Amino acid sequence: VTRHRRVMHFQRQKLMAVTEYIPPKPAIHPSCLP
Amino acid sequence: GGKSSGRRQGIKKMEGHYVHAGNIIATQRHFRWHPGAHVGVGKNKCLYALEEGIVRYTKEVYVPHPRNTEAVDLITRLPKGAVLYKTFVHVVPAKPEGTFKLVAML
Amino acid sequence: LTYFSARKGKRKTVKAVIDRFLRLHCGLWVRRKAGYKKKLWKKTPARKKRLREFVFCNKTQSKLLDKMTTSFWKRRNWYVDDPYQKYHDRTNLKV
Amino acid sequence: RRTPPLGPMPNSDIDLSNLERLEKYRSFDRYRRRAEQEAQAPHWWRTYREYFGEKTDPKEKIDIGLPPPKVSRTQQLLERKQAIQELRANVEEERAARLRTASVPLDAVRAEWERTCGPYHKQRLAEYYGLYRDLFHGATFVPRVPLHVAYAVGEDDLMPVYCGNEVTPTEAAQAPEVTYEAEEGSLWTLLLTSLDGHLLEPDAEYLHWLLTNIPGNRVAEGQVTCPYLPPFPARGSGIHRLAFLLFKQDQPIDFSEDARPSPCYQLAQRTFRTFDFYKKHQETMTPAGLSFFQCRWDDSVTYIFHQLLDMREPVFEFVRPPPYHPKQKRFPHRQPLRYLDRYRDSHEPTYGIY
Amino acid sequence: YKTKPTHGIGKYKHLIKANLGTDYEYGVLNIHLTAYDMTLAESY
Amino acid sequence: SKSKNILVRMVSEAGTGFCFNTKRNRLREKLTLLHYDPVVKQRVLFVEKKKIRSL
Amino acid sequence: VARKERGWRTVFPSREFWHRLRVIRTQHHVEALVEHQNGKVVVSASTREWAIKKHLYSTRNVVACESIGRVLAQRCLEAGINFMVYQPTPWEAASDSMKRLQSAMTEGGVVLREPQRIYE
Amino acid sequence: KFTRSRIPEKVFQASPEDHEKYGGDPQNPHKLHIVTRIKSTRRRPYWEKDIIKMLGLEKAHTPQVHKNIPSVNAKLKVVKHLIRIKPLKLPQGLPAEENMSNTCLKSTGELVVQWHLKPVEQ
RNA sequence: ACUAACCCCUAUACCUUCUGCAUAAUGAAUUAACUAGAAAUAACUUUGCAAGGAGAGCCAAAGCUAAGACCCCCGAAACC
RNA sequence: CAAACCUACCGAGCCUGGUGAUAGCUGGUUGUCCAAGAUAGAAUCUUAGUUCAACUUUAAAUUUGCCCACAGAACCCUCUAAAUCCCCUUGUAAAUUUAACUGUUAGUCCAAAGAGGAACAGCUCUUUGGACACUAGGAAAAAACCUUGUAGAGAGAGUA
RNA sequence: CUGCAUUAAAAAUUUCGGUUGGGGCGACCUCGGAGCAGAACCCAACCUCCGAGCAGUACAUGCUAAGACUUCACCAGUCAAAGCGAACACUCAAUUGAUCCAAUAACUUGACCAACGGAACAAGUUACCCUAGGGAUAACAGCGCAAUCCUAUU
Ligand SMILES: [Mg+2]
Ligand SMILES: [Mg+2]
Ligand SMILES: [Mg+2]
């Protein structure tokens with residue numbers, strides 16, 4: 001609990017980068033589908 | 001001030017521990033544990049085993065002595081059907097008192 | 001402690017330990033309890049009882065007293081009707 | 001970290017929203033009544049009875065007794081309710097009750113108990129004494145027929161045996177008197193065994209008396225399968241219990257296999273076990289009543305051992321385990337001078353090589 | 001113990017408690033029984 | 001830290017010479033107690049003789 | 001010589017006995033029960049039994065207490081039990097009926113003080 | 001404060017989706033384990049160092065066989081982040097005394113009892 | 001290392017003091033010579049003898065005798 | 001009366017002797033090779049030291065030692081915390097006792113939980129773990145971050 | 001003149017306990033309870049405080065003796081079956097002080113030694129100062145931090 005963004009540990013930083021959300025991607029952009 | 005150190009009070013022998021007569025089971029500032037079967041208590045509420053055997057911890061019904069007015073007042077105000085429970089420690093004797101053996105042939 | 005005296009060139013003995021401790025030939029040392037004659041009125045009978053026995057010393061204190069005492073006091077004595085005669089030897093001692 | 005309980009909480013049923021509305025114990029006795037009614041109830045946690053209380057097998061105890069007698073409850077209740085109505089009617093009886101001066105005849109009420117609750121109390125008491133666990137290897141029996149035995153001593157005095165009382169071997173030197181109710185056409189078997197009298201095999205036991213095929217109450221004409229032998233409890237061996245067993249025979253039974261020579265002064269021959277004896281007989285055997293008493297050593301036991309058995313009397317002693325001491329250390333710190341005496345074996349002085 | 005499932009079995013003060021009337025019931029009511037006979041006054 | 005009590009010596013009246021110490025109030029008469037005497041193996045009267053100190 | 005169940009100094013009643021006498025006083029009947037420490041009951045004398053009912057006026061009076069007291073005294077005498085223990089509450093110990101019940105033990109030959117265990 | 005980890009029991013339940021993905025048979029569990037340390041014991045708590053010591057995993061990339069029993073499994077779960085666990089396959093069965101010197105643990109996880117160092121004629 | 005001295009690549013002097021010195025903390029221009037771990041109470045190892053050992057004395061309830069093996073240098077302001 | 005001067009350093013001259021004065025302080029402490037080897041505390045005119053204890057070393061005797069399945073360790077008080085103690089199996093080879101002493105306990109940084117009149121950081125101080133004062137590789141240079149240890153030669157290879 | 005006493009005078013020897021940036025003025029040093037330290041034990045400050053340096057009731061508050069616990073050492077402190085002997089291991093968180101020595105026929109007693117593990121008894125000032133050291137420790141300067149402050153935007 002700090003006011004200077006509390007700089008993150010490298011190991012914790014890699015954990016967040018790996019566990020980032022990935023939206024599902026359609027095969028065809030619905031916008032170009034009949 | 002307040003630079004006092006710990007009193008080193010707690011459980012000395014855990015459940016299922018083999019003990020001898022006179023071994024201290026636990027020491028406490030208040031009656032956290034209550035003596036059960038073949039367990040004695042001193043003035044300082046220290047718990048020791050009068051017999052030699054296996055230490056056991058169980059939960060039993062608390063029935064205070066009638067001369068204990070403070071506790072007698074407590075259980076009189078309880079709702080009907082309420083039963084107080086407290087943790088009790090007992091030791092289970094292992095060896096028998098003795099044996100009968102031949103000593104003479106007269 | 002005088003390791004080498006100026007008149008004989010030999011180790012001396014601290015007389016302080018002689019007046020306070022008793023050594024058994026087995027190597028054990030026997031002492032009293034501090035304050036066993038001080039303020040007896042403010043002590044419980046159980047405390048006073050355990051204050052007036054003769055107790056042994058541990059390994060470090062025994063080594064401490066041996067170094068401060070010459071070999072004269074470590075000999076075997078044969079005093080007549082000595083009260084501590086039976087305690088000079090250990091019986092049934094394993095390791 | 002928390003773990004949900006494996007069962008209902010002791011005080012979960014009580015509502016706490018209307019705790020002041022709920023009535024209180026208001027007395028010590030009412031809480032105590034609830035205390036030990038709830039104490040005997042089973043629980044899913046560790047209890048005192050789990051470690052200390054004796055454990056019984058899940059199988060129900062097998063009963064080998066006679067079928068219970070059948071009575072008319074309504075008629076019995078009507079007679080009982082009218083009996084006390086007239087009893088309460090008398091002013092003299094009521095005067096004694098209010099004055100706390102009334103008395104009851106102890107002899108008369110005991111006789112009534114022997115017919116009403118006698119068999120049940122005797123069975124309950126016999127279970128406590130361990131008769132059912134040692135012999136029969138675990139069973140239950142109700143002594144429906146009462147049995148009275150009194151030992152003849154002197155010229156007028158008697159030594160009755162009801163249950164678990166104390167009778168000296170001197171008073172049991174001679175054959176006792178057996179009195180019990182029966183009718184014609186009934187065959188009876190009498191057996192006496194010493195539960196704790198065995199000197200060699202702890203599991204086995206010693207037979208002391210055996211009467212078979214008793215015509216009614218006439219015990220004189222019964223067949224003497226084994227001669228009567230007075231008990232011989234060894235001095236210092238504790239206190240022994242001797243049980244009188246009464247059997248009812250539906251048909252005549254041959255006892256040649258279990259017959260013993262007269263006199264039977266051999267301990268090996270006198271050895272007998274009720275188990276495998278009732279087992280081989282239960283097809284035509286059923287018990288009728290039991291009675292037992294406790295026996296100690298006296299001067300007469302010396303006569304029995306030396307003359308009747310032609311042997312030396314054994315003397316036993318109760319020996320306690322030696323006291324426990326911790327392992328002796330080279331440097332016992334802060335221990336009294338008497339510490340070395342605990343591990344000393346002899347108090348005499350020693351001099352080694354000198 | 002807290003971790004064990006039998007935690008809190010010794011809790012006892014939760015069964016023990018730690019005028020304006022309502023809209024259906026009355027707040028406080030007092031009755032007065034005067035009499036020249038003390039025995040009758042207390043008996044009632 | 002006013003000293004309100006005093007330590008006094010109790011001497012047996014049996015003549016054995018046995019003594020023991022007990023605390024007493026300053027504003028009080030001399031105490032004649034009944035105490036066990038190890039010499040005579042029985043309880044006998046003890047009377048106060050001297051004042052030891054003030055506590 | 002049998003060891004007694006020592007302890008339980010913080011609860012009532014204590015358990016340092018071999019045989020205990022328990023007397024139960026209900027609304028209609030009074031039950032006198034004698035049992036061992038381990039739980040097994042040896043002998044009982046309750047007013048419910050028809051044997052003593054024919055001779056007693058009521059089952060909830062001092063006369064009833066004397067009736068079962070002598071009955072229990074004769075039952076204990078013929079069962080071989082001579083020594084026992086009684087641990088009543090202060091009010092029941094002060095009840096007049098109980099004291100006369102103790103008198104039944106004295107005249108019956110029953111002693112309510114168990115002998116001390118010989119440790120050595 | 002940094003202390004030991006109590007791994008939830010829910011992690012070790014083989015759902016049917018994992019069964020055909022890894023090829024394991026719940027009805028016929030594998031008899032033995034292959035354990036291989038692939039991470040340094042340094043910069044790790046001391047209690048994990050002792051567990052690695054007990055299982056004989058000192059030198060990295062050195063296969064070791066262990067019994068698939070709850071006691072061994074309990075120890076393995078502590079250091080599951082430092083080792084690789086594979087089942088043991090015996091296509092030729094348990095080796096006999098005659099071929100005890102002819103065994104060879106191939107990299108795919110089976111112990112073939114016939115090692116000839118000769119090209120397959122097929 | 002190289003055919004090749006250099007050119008290529010790699011590499012933050014020594015001692016001491018501190019958690020941590022390439023440290024811009026001390027010491028050293030260089031050479032030669034001189035310059036700093038002294039003791040056997042107990043214990044350990046190895047012989048001799050053995051309920052005795054020791055070349056008066058001393059120790060001994062397997063001990064006694066003998067041997068081996070552990071304890072530094074320079075520097076004050078002062079006092080008489 | 002400037003605390004001046006008394007043979008070119010007088011708050012008490014100089015020389016010799018006691019004297020190899022003492023110094024818990026500074027500096028120093030000489031041939032080769034191998035092995036074991038680090039951070040609980042208490043007392044102290046004591047925190048620049050010393051003693052006990054802990055840790056560490058050597059030799060000897062003995063048998064259990066670490067890990068840990070259930071069961072078990074409080075109530076008034078639900079930060080209902082992470083977790084500890086105890087502990088059969090199993091994996092393993094250590095552990096306890098006896099004898100003999102030296103040396104260290106003026107530490108640093110990181111991750112986490114905290115404390116310092118109800119201070120987001122910073123400063124100081126506790127607790128758990130790791131690293132450093134022991135090798136190498138990688139983050140630009142890098143004591144404390146990541147990878148990795150048991151030791152040599154090779155102009156081999158697979159990886160972190 | 002000598003010896004022994006009492007007053008002065010002039011002198012002799014020795015010392016300046018620690019903690020609180022410094023000084024002034026003050027505060028603290030020993031013991032116990034809660035908070036940190038949430039669940040075996042333990043765990044620190046400049047820590048937040050609150051208290052303690054007694055009293056009461058006994059007069060078997062007698063004598064022996066297994067087995068145990070501990071304020072992280074020692075010293076010290078605590079519980080206790082059983083037996084003897086009596087009746088029919090007191091309350092209270094702390095409520096305290098070692099050795100030597102003194103008194104005492106003896107049993108016993110003697111401390112605000114509170115700097116509370118206590119030296120039998122010793123204060124100030126030095127800018128006239130000296131020695132051995134310390135950036136483990138101040139001022140000068142450097143570096144960390146921006147508590148605050150300034151500016152610039154919403
Ligand atoms: Mg504290
Ligand atoms: Mg010098
Ligand atoms: Mg090494």
# chains A, B, ... in the order shown; residues from 1 in each chain; ligands from 1

call {"tool": "select_by_dssp", "arguments": {"residues": "segment 22-93 of chain G", "states": "alpha helix (DSSP H)", "output": "VMD selection string"}}
result
chain G and resid 50 to 53 62 to 79 90 to 93

call {"tool": "interface_residues", "arguments": {"of": "chain F", "to": "chain K", "cutoff": "7 Å", "atoms": "only C-alpha atoms (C1' of nucleotides)", "output": "PyMOL selection string"}}
result
chain F and resi 19+34-36+52

call {"tool": "residues_around", "arguments": {"residues": "residue 3 of chain C", "least_positions_apart": "3", "cutoff": "10 Å", "atoms": "only C-alpha atoms (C1' of nucleotides)", "output": "PDB file with N, CA and C atoms (P, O5', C5', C4', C3', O3' and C1' of nucleotides), in the first residue's frame"}}
result
ATOM      1  N   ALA C   6      55.527 -17.446  42.220  1.00  0.00           N
ATOM      2  CA  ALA C   6      56.823 -16.783  42.220  1.00  0.00           C
ATOM      3  C   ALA C   6      57.828 -17.431  43.161  1.00  0.00           C
ATOM      4  N   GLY C   9      56.961 -21.893  41.476  1.00  0.00           N
ATOM      5  CA  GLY C   9      56.732 -22.138  40.064  1.00  0.00           C
ATOM      6  C   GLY C   9      55.724 -23.229  39.775  1.00  0.00           C
ATOM      7  N   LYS C  10      54.646 -23.295  40.553  1.00  0.00           N
ATOM      8  CA  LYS C  10      53.615 -24.301  40.356  1.00  0.00           C
ATOM      9  C   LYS C  10      52.246 -23.653  40.508  1.00  0.00           C
ATOM     10  N   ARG C  11      51.238 -24.323  39.959  1.00  0.00           N
ATOM     11  CA  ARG C  11      49.882 -23.792  39.967  1.00  0.00           C
ATOM     12  C   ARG C  11      49.348 -23.691  41.390  1.00  0.00           C
ATOM     13  N   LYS C  12      48.630 -22.605  41.667  1.00  0.00           N
ATOM     14  CA  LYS C  12      48.038 -22.363  42.970  1.00  0.00           C
ATOM     15  C   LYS C  12      46.568 -22.779  42.966  1.00  0.00           C
ATOM     16  N   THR C  13      45.911 -22.581  44.105  1.00  0.00           N
ATOM     17  CA  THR C  13      44.513 -22.947  44.290  1.00  0.00           C
ATOM     18  C   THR C  13      43.729 -21.730  44.755  1.00  0.00           C
ATOM     19  N   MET C  68      40.384 -24.372  38.758  1.00  0.00           N
ATOM     20  CA  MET C  68      40.757 -23.480  39.847  1.00  0.00           C
ATOM     21  C   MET C  68      41.227 -24.223  41.090  1.00  0.00           C
TER      22      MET C  68
ATOM     23  P     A I  39      56.787 -23.287  25.570  1.00  0.00           P
ATOM     24  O5'   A I  39      55.975 -23.735  26.864  1.00  0.00           O
ATOM     25  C5'   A I  39      56.602 -23.776  28.141  1.00  0.00           C
ATOM     26  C4'   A I  39      55.597 -23.938  29.255  1.00  0.00           C
ATOM     27  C3'   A I  39      54.541 -25.020  29.037  1.00  0.00           C
ATOM     28  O3'   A I  39      54.203 -25.597  30.296  1.00  0.00           O
ATOM     29  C1'   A I  39      53.479 -22.930  29.309  1.00  0.00           C
ATOM     30  P     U I  41      50.601 -30.905  34.150  1.00  0.00           P
ATOM     31  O5'   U I  41      49.231 -30.189  34.531  1.00  0.00           O
ATOM     32  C5'   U I  41      48.784 -30.141  35.877  1.00  0.00           C
ATOM     33  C4'   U I  41      47.300 -29.893  35.956  1.00  0.00           C
ATOM     34  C3'   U I  41      46.420 -30.907  35.240  1.00  0.00           C
ATOM     35  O3'   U I  41      46.204 -32.085  35.996  1.00  0.00           O
ATOM     36  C1'   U I  41      45.727 -28.727  34.663  1.00  0.00           C
TER      37        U I  41
END

call {"tool": "atom_distance", "arguments": {"atom1": "atom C1' of residue 31 of chain K", "atom2": "atom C1' of residue 40 of chain J"}}
result
24.9 Å

call {"tool": "atom_distance", "arguments": {"atom1": "atom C1' of residue 48 of chain K", "atom2": "atom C1' of residue 116 of chain J"}}
result
9.6 Å

call {"tool": "residues_around", "arguments": {"residues": "segment 16-23 of chain D", "least_positions_apart": "4", "cutoff": "9 Å", "atoms": "only C-alpha atoms (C1' of nucleotides)", "output": "CSV table (one decimal) with C-alpha atoms, in the first residue's frame"}}
result
chain,number,residue,atom,x,y,z
B,77,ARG,CA,-29.5,-18.3,33.3
B,78,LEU,CA,-29.0,-20.6,30.3
B,79,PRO,CA,-32.0,-21.3,28.0
B,80,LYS,CA,-33.7,-24.6,28.5
E,14,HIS,CA,-23.7,-16.2,22.7
E,15,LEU,CA,-26.7,-17.7,24.5
E,16,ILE,CA,-26.4,-15.0,27.2
E,17,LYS,CA,-27.7,-11.5,26.4

call {"tool": "residues_near_ligand", "arguments": {"ligand": "ligand 2", "cutoff": "10 Å", "atoms": "only C-alpha atoms (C1' of nucleotides) and all ligand atoms", "output": "list in words"}}
result
residues 73, 74, 75 and 76 of chain I; 20, 21, 22 and 23 of chain J

call {"tool": "write_last_selection", "arguments": {"atoms": "C-alpha atoms (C1' of nucleotides)", "output": "PDB file, in the first residue's frame"}}
result
ATOM      1  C1'   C I  73      55.360  -8.213  17.789  1.00  0.00           C
ATOM      2  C1'   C I  74      55.607  -2.623  17.835  1.00  0.00           C
ATOM      3  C1'   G I  75      53.392   1.898  19.549  1.00  0.00           C
ATOM      4  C1'   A I  76      51.136   6.238  23.995  1.00  0.00           C
TER       5        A I  76
ATOM      6  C1'   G J  20      60.063  -5.108  27.759  1.00  0.00           C
ATOM      7  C1'   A J  21      55.119   0.685  32.360  1.00  0.00           C
ATOM      8  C1'   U J  22      49.964  -0.083  30.738  1.00  0.00           C
ATOM      9  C1'   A J  23      46.759   0.387  26.542  1.00  0.00           C
TER      10        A J  23
END

call {"tool": "interface_residues", "arguments": {"of": "chain I", "to": "chain D", "cutoff": "10 Å", "atoms": "only C-alpha atoms (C1' of nucleotides)", "output": "ChimeraX atom specification"}}
result
/I:51,60-62

call {"tool": "residues_near_ligand", "arguments": {"ligand": "ligand 1", "cutoff": "9 Å", "atoms": "only C-alpha atoms (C1' of nucleotides) and all ligand atoms", "output": "VMD selection string"}}
result
(chain B and resid 2 to 6) or (chain K and resid 37 43 to 44)

call {"tool": "write_last_selection", "arguments": {"atoms": "N, CA, C and O atoms (P, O5', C5', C4', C3', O3' and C1' of nucleotides)", "output": "PDB file, in the first residue's frame"}}
result
ATOM      1  N   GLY B   2       6.762  -2.423  30.677  1.00  0.00           N
ATOM      2  CA  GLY B   2       6.242  -3.550  29.922  1.00  0.00           C
ATOM      3  C   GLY B   2       7.280  -4.315  29.133  1.00  0.00           C
ATOM      4  O   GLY B   2       7.025  -4.692  27.982  1.00  0.00           O
ATOM      5  N   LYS B   3       8.451  -4.557  29.724  1.00  0.00           N
ATOM      6  CA  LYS B   3       9.514  -5.320  29.084  1.00  0.00           C
ATOM      7  C   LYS B   3       9.548  -6.768  29.562  1.00  0.00           C
ATOM      8  O   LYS B   3      10.591  -7.426  29.479  1.00  0.00           O
ATOM      9  N   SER B   4       8.425  -7.273  30.061  1.00  0.00           N
ATOM     10  CA  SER B   4       8.359  -8.650  30.528  1.00  0.00           C
ATOM     11  C   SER B   4       8.470  -9.622  29.360  1.00  0.00           C
ATOM     12  O   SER B   4       8.100  -9.312  28.224  1.00  0.00           O
ATOM     13  N   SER B   5       8.985 -10.810  29.652  1.00  0.00           N
ATOM     14  CA  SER B   5       9.150 -11.857  28.657  1.00  0.00           C
ATOM     15  C   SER B   5       8.038 -12.892  28.790  1.00  0.00           C
ATOM     16  O   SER B   5       7.247 -12.880  29.735  1.00  0.00           O
ATOM     17  N   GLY B   6       7.987 -13.798  27.817  1.00  0.00           N
ATOM     18  CA  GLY B   6       6.958 -14.818  27.819  1.00  0.00           C
ATOM     19  C   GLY B   6       7.109 -15.783  28.980  1.00  0.00           C
ATOM     20  O   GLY B   6       8.210 -16.074  29.446  1.00  0.00           O
TER      21      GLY B   6
ATOM     22  P     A K  37       0.574  -8.779  14.487  1.00  0.00           P
ATOM     23  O5'   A K  37       1.464 -10.075  14.219  1.00  0.00           O
ATOM     24  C5'   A K  37       2.704 -10.268  14.891  1.00  0.00           C
ATOM     25  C4'   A K  37       2.645 -11.418  15.867  1.00  0.00           C
ATOM     26  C3'   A K  37       1.472 -11.375  16.839  1.00  0.00           C
ATOM     27  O3'   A K  37       1.111 -12.706  17.214  1.00  0.00           O
ATOM     28  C1'   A K  37       3.497 -11.183  18.043  1.00  0.00           C
ATOM     29  P     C K  43       9.508 -13.492  24.202  1.00  0.00           P
ATOM     30  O5'   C K  43       9.894 -12.639  22.914  1.00  0.00           O
ATOM     31  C5'   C K  43      11.232 -12.600  22.440  1.00  0.00           C
ATOM     32  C4'   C K  43      11.292 -12.070  21.031  1.00  0.00           C
ATOM     33  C3'   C K  43      10.473 -10.817  20.767  1.00  0.00           C
ATOM     34  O3'   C K  43      11.144  -9.631  21.155  1.00  0.00           O
ATOM     35  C1'   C K  43      10.045 -12.409  19.074  1.00  0.00           C
ATOM     36  P     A K  44      10.765  -8.894  22.531  1.00  0.00           P
ATOM     37  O5'   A K  44      11.562  -7.519  22.460  1.00  0.00           O
ATOM     38  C5'   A K  44      12.976  -7.501  22.326  1.00  0.00           C
ATOM     39  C4'   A K  44      13.410  -6.502  21.284  1.00  0.00           C
ATOM     40  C3'   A K  44      12.850  -5.097  21.447  1.00  0.00           C
ATOM     41  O3'   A K  44      13.592  -4.314  22.367  1.00  0.00           O
ATOM     42  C1'   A K  44      12.526  -5.814  19.223  1.00  0.00           C
TER      43        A K  44
END

call {"tool": "residues_near_ligand", "arguments": {"ligand": "ligand 3", "cutoff": "9 Å", "atoms": "only C-alpha atoms (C1' of nucleotides) and all ligand atoms", "output": "MDAnalysis selection string"}}
result
chainID J and resid 35:37

call {"tool": "write_last_selection", "arguments": {"atoms": "N, CA and C atoms (P, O5', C5', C4', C3', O3' and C1' of nucleotides)", "output": "PDB file, in the first residue's frame"}}
result
ATOM      1  P     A J  35      39.343 -29.618  -0.876  1.00  0.00           P
ATOM      2  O5'   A J  35      38.757 -30.149   0.507  1.00  0.00           O
ATOM      3  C5'   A J  35      38.266 -31.474   0.631  1.00  0.00           C
ATOM      4  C4'   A J  35      38.023 -31.846   2.072  1.00  0.00           C
ATOM      5  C3'   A J  35      37.001 -31.003   2.817  1.00  0.00           C
ATOM      6  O3'   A J  35      35.667 -31.393   2.545  1.00  0.00           O
ATOM      7  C1'   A J  35      38.932 -31.257   4.152  1.00  0.00           C
ATOM      8  P     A J  36      34.500 -30.291   2.474  1.00  0.00           P
ATOM      9  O5'   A J  36      34.088 -30.068   3.997  1.00  0.00           O
ATOM     10  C5'   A J  36      33.539 -31.129   4.766  1.00  0.00           C
ATOM     11  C4'   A J  36      33.516 -30.794   6.236  1.00  0.00           C
ATOM     12  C3'   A J  36      32.791 -29.512   6.619  1.00  0.00           C
ATOM     13  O3'   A J  36      31.386 -29.669   6.705  1.00  0.00           O
ATOM     14  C1'   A J  36      34.892 -29.560   7.681  1.00  0.00           C
ATOM     15  P     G J  37      30.408 -28.611   5.991  1.00  0.00           P
ATOM     16  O5'   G J  37      30.674 -27.245   6.766  1.00  0.00           O
ATOM     17  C5'   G J  37      30.292 -27.085   8.125  1.00  0.00           C
ATOM     18  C4'   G J  37      30.948 -25.875   8.742  1.00  0.00           C
ATOM     19  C3'   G J  37      30.604 -24.533   8.114  1.00  0.00           C
ATOM     20  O3'   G J  37      29.375 -24.002   8.582  1.00  0.00           O
ATOM     21  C1'   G J  37      32.943 -24.698   8.376  1.00  0.00           C
TER      22        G J  37
END

call {"tool": "select_by_dssp", "arguments": {"residues": "segment 158-296 of chain D", "states": "strand (DSSP E)", "output": "VMD selection string"}}
result
chain D and resid 158 to 161 165 to 166 177 to 180 187 to 194 205 to 215 223 to 226 240 to 249 271 to 272 285 to 295

call {"tool": "residues_around", "arguments": {"residues": "residue 53 of chain D", "least_positions_apart": "2", "cutoff": "12 Å", "atoms": "only C-alpha atoms (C1' of nucleotides)", "output": "list in words"}}
result
residues 37 and 92 of chain B; 40, 47, 48, 49, 50, 51, 55 and 56 of chain D; 37, 38, 39 and 40 of chain G

call {"tool": "write_last_selection", "arguments": {"atoms": "C-alpha atoms", "output": "compact mmCIF listing (two decimals), in the first residue's frame"}}
result
# COMPACT_ATOMS: atom_id res chain seq x y z
CA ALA B 37 -9.30 -38.74 34.49
CA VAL B 92 -5.20 -43.75 30.05
CA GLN D 40 -24.66 -40.44 27.61
CA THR D 47 -15.46 -38.52 24.29
CA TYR D 48 -14.45 -39.97 27.64
CA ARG D 49 -16.47 -43.14 27.01
CA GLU D 50 -14.58 -43.70 23.74
CA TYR D 51 -11.28 -44.33 25.54
CA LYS D 55 -16.80 -51.67 24.48
CA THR D 56 -19.52 -54.17 23.58
CA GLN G 37 -17.43 -46.48 38.69
CA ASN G 38 -17.23 -47.90 35.16
CA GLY G 39 -21.01 -47.69 34.75
CA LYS G 40 -22.29 -51.17 35.56

call {"tool": "residues_around", "arguments": {"residues": "residue 76 of chain G", "least_positions_apart": "5", "cutoff": "8 Å", "atoms": "only C-alpha atoms (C1' of nucleotides)", "output": "PyMOL selection string"}}
result
chain G and resi 43+81-82+110

call {"tool": "residues_around", "arguments": {"residues": "residue 4 of chain A", "least_positions_apart": "2", "cutoff": "10 Å", "atoms": "only C-alpha atoms (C1' of nucleotides)", "output": "number ranges by chain"}}
result
A: 1-2, 6-7; J: 120-121

call {"tool": "closest_atom_pairs", "arguments": {"of": "chain K", "to": "chain B", "cutoff": "9 Å", "atoms": "only C-alpha atoms (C1' of nucleotides)", "output": "tab-separated table"}}
result
residue	atom	partner	partner_atom	distance
K:31	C1'	B:4	CA	8.0
K:32	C1'	B:4	CA	7.3
K:33	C1'	B:2	CA	8.3
K:40	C1'	B:10	CA	7.1
K:41	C1'	B:8	CA	6.4
K:42	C1'	B:6	CA	7.5
K:49	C1'	B:1	CA	9.0
K:66	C1'	B:22	CA	7.9
K:67	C1'	B:22	CA	4.4
K:68	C1'	B:23	CA	4.6
K:69	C1'	B:24	CA	6.8
K:70	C1'	B:8	CA	6.9
K:71	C1'	B:5	CA	5.4
K:78	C1'	B:44	CA	8.8
K:79	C1'	B:42	CA	6.4
K:80	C1'	B:22	CA	6.4
K:81	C1'	B:50	CA	5.8
K:89	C1'	B:43	CA	8.3

call {"tool": "interface_residues", "arguments": {"of": "chain E", "to": "chain J", "cutoff": "8 Å", "atoms": "only C-alpha atoms (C1' of nucleotides)", "output": "list in words"}}
result
residues 1, 10, 11 and 13 of chain E

call {"tool": "write_last_selection", "arguments": {"atoms": "N, CA and C atoms", "output": "PDB file, in the first residue's frame"}}
result
ATOM      1  N   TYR E   1      -9.609 -26.630  18.834  1.00  0.00           N
ATOM      2  CA  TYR E   1      -8.722 -25.851  17.981  1.00  0.00           C
ATOM      3  C   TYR E   1      -9.509 -25.178  16.863  1.00  0.00           C
ATOM      4  N   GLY E  10     -16.911 -24.621  22.916  1.00  0.00           N
ATOM      5  CA  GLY E  10     -16.950 -24.002  24.222  1.00  0.00           C
ATOM      6  C   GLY E  10     -17.589 -22.635  24.279  1.00  0.00           C
ATOM      7  N   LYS E  11     -18.071 -22.119  23.150  1.00  0.00           N
ATOM      8  CA  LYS E  11     -18.728 -20.819  23.139  1.00  0.00           C
ATOM      9  C   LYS E  11     -19.986 -20.859  23.996  1.00  0.00           C
ATOM     10  N   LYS E  13     -21.184 -17.531  25.775  1.00  0.00           N
ATOM     11  CA  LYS E  13     -21.795 -16.226  25.981  1.00  0.00           C
ATOM     12  C   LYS E  13     -22.706 -15.803  24.838  1.00  0.00           C
TER      13      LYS E  13
END
